[PDB]
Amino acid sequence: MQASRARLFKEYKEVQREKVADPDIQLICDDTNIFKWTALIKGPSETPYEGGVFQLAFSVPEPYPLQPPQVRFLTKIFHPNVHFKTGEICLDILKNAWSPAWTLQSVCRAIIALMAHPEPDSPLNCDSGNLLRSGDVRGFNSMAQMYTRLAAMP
């Protein structure tokens, strides 16, 4: 229990001790629950998600960093590896391939990389995945951009 708090303190320290340009990631530790975090991530440039801001909800288990956090999109997103109705993410580092080497910040970065480089296999949105697998990249970008403009630009 106290090991998790020490680790989460290093990460809260590092997200405060930085004013780096291009804050593509902004982790917001929570007021009263050290184990609840929210993140703001910028859509990766040169992707249909560019210009959007997506909110991620982190639910940190008490054995963290020995156990992965529970992460999901609160912003709607059209992506092969995100369940549109629930925001659940299919990413192996959040499940089987987790390691204490990962951090909340690097998890956000893996999600951004996933947004820029989808995996039409392992699909939680088969319509989004079908567009990519069938070679309809214009269609994928068109619908992903629409949802970015309608749901991820406040």
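Position 1 is the first residue in the sequence shown; the rest follow in order.
Mean C-alpha temperature factor, higher of 115-123 and 56-64: So the stretch with the higher mean C-alpha B-factor is 115-123.
Entry-level comparison of average CA B-factors, 42-50 and 27-35, reporting the higher stretch: The recorded data point to 27-35.
Position of residue 97 among the chain's modelled residues by C-alpha B-factor, lowest, middle or highest third: Highest third, going by the recorded CA B-factors of the chain.
Among modelled residues of the same chain, the CA temperature factor third for residue 16: Highest third.
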